[PDB]
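The structure under discussion appears below in the form of structure tokens.
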Amino acid sequence: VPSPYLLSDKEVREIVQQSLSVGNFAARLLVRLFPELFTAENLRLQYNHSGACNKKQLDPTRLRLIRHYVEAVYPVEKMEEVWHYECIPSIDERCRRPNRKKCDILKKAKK
DNA sequence: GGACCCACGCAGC
DNA sequence: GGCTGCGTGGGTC
């Protein structure tokens, strides 16, 4: 039974063409595969890839799918390190990214 | 209240 | 006293 989260070759290519780095590709796949976390409710703020820091854990099956697409597209010579040090931190940064930077909230507080 | 990306000091572990 | 994600801010678009 094929998964409904699967992306066509054309869809993957359109995401790759916008990706600045393999880490950014992982983050873009995260947004595409977890739409429920990227609504105006920002449920993403309650999740990270592992459940560390007393947060909820991203669906392990879709996290494996992100890694599958990363490994199907990008170089694999150092894939363990790319996943651990580039893709995982990019995924977590995308979940926790504030809609407004603290320095901008305070800079407007003068206006 | 721009959206977005990634580097990096830090606290908790 | 190293490793893991958070909070943060410089920077590009």
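Residue numbering for the first sequence follows the authors' numbering, beginning at 715 and increasing consecutively.
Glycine is no exception: its CB is placed at the ideal position from the N, C-alpha and C atoms.
Under the assumption that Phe-752 contacts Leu-772 (Cβ atoms under 8 Å), give the Cβ distance between them as a whole number of angstroms.
Actually they do not touch by this definition, with Cβ atoms about 12 Å apart.
In the structure shown, what three-state DSSP assignment does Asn-738 receive?
helix
Quick one: give me the first and last residue of the alpha helix (DSSP H) that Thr-775 is part of.
774 to 787
What's the gap between the Cα of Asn-813 and the Cα of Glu-794?
One alpha carbon belongs to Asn-813, the other to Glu-794, and they sit about 31 Å apart.
Is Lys-770 helix, strand or coil by DSSP?
strand
DSSP three-state label for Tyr-799, please.
helix
Note down the Cα distance separating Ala-740 from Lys-822, rounded to an integer number of angstroms.
33 Å
Nearest-angstrom Cα distance between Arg-746 and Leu-820?
32 Å
Note down, in chain order, each residue of its chain lying with its Cβ closer than 8 Å to the Cβ of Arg-810, except the 5 sequence neighbours on either side.
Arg-758, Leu-759, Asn-762
In chain order, what residues of the same chain have a beta carbon less than 8 Å from the beta carbon of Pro-803, not counting five sequence neighbours either side?
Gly-737
Based on the DSSP secondary-structure assignment, which residues constitute the bridge partners of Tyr-761?
DSSP output for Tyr-761 lists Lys-770 as bridge partner(s).
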